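Some notes on the structure that comes next.
Atoms within a ligand are numbered from 1 in the order they appear, just like the ligands themselves. Hydrogens, waters and symmetry mates play no part in the numbers below; they use all other heavy atoms, side chains included. In what follows, residues are counted from 1 in the order of the sequence shown.
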Amino acid sequence: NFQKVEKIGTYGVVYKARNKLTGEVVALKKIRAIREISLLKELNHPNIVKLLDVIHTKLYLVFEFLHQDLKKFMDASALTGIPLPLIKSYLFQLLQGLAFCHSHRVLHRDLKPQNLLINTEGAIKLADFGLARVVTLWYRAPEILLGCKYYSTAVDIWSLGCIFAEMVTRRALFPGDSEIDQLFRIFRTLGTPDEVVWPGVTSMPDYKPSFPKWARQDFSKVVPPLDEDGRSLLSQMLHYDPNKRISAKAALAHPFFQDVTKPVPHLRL
Ligand SMILES: O=C(O)c1cc(C(F)(F)F)ccc1Nc1ccc2[nH]c3ccccc3c2c1
């Protein structure tokens, strides 16, 4: 091939590779439309991983390479926790990237810590989009689990709220291991949704009137250490009704980010 390899990890396998005739180190994703994927090469943002080349012959996607992901960093930080100023910077940057692609009517659809790449300079970038269309369901929005066949940009805000909570508490918010276990983990924390808080929920394809009715707990129980600014913002990212869920652009204006900075992480590569 044109590259030397090293595997680093739903669409296919991903390799760290070196371009044999530029020296460039890249992320090589082998899959197993073309006109629209290629439009993504032209769209770039500091908080989105760059798509360098599309190659069809099997579908190959060449991305810029980043050394660490947020899942590895959270595990590495599990005894101490990520410092709040760094959580806030990462959240702010992720909302910046979401606001950009949502402004282009592009959804991620499968945000998770594993898909969030970080570098030594303090940046974090969206990667591994779910665009081609054991699976982790922990960050799935409730409208997806209830079988809605039209995602909106709100599904990415939901996932990012789940990731926000996980950075703060150092435990996954909703670690379900089946669709209904995921759904009921959400229900037990936020209350079983009804027509009052989510108009139209009872007519969604996978809704059952027989769902158990759990009462809502309180956000002070959910992300304890977090101050009222952060708890407020998280509550707005976890609204059941996708129409009530805060947008990325509005989240950026939230008081939580009034003192945001850009700290440098301690990374062990
Ligand atoms: O992440 C992946 O695996 C991935 C897979 C495909 C596949 F459909 F070919 F599979 C396509 C794109 C993919 N990511 C990607 C890369 C750069 C980007 N730039 C953007 C600007 C605005 C909105 C979105 C993006 C964007 C998204």
N-O pairing of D128 and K112 below 4.0 Å: no
Proximity to ligand 1 by part of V106, non-hydrogen separation under 4.0 Å: side chain
Under 4.0 Å to a heavy atom of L61 - the qualifying atoms of ligand 1, by number: 5 (C), 6 (C), 7 (C), 9 (F), 10 (F)
Side chain, backbone, both or neither: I48 near ligand 1, heavy atoms under 4.0 Å: side chain
Min heavy-atom dist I31 to ligand 1 below 4.0 Å: no
Side chain, backbone, both or neither: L40 near ligand 1, heavy atoms under 4.0 Å: both
Under 4.0 Å to a heavy atom of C101 - the qualifying atoms of ligand 1, by number: 22 (C), 23 (C)
Beyond-backbone contact of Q68 with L269, side-chain heavy atoms, under 4.5 angstrom: yes
Contact check: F129 vs ligand 1, nitrogen or oxygen atoms, below 3.5 angstrom: yes
Ligand-side contact atoms (ligand 1) for residue partner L51, heavy atom cut-off under 4.0 Å: 16 (C), 17 (C)
Salt bridge present between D194 and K213 (N-O < 4.0 angstrom): no
Heavy-atom nearest neighbour of atom 4 (C) of ligand 1 within options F63, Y60, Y11: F63
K29 touching ligand 1 at heavy-atom level, < 4.0 angstrom: yes
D69/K72 ion pair, N-O < 4.0 Å: yes
Under 4.0 Å to a heavy atom of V49 - the qualifying atoms of ligand 1, by number: 16 (C), 17 (C)
Ring centre gap for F211 and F184 strictly below 6.0 Å: yes
Hydrophobic cluster partners of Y150 (side-chain heavy atoms under 4.5 Å): none
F100 and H45 aromatic ring geometry - parallel, tilted or perpendicular at 30°/60° bounds: tilted
Sequence-distant partners of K262, salt bridge (charged side-chain N to carboxylate O under 4.0 Å, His left out), two or more places apart: none
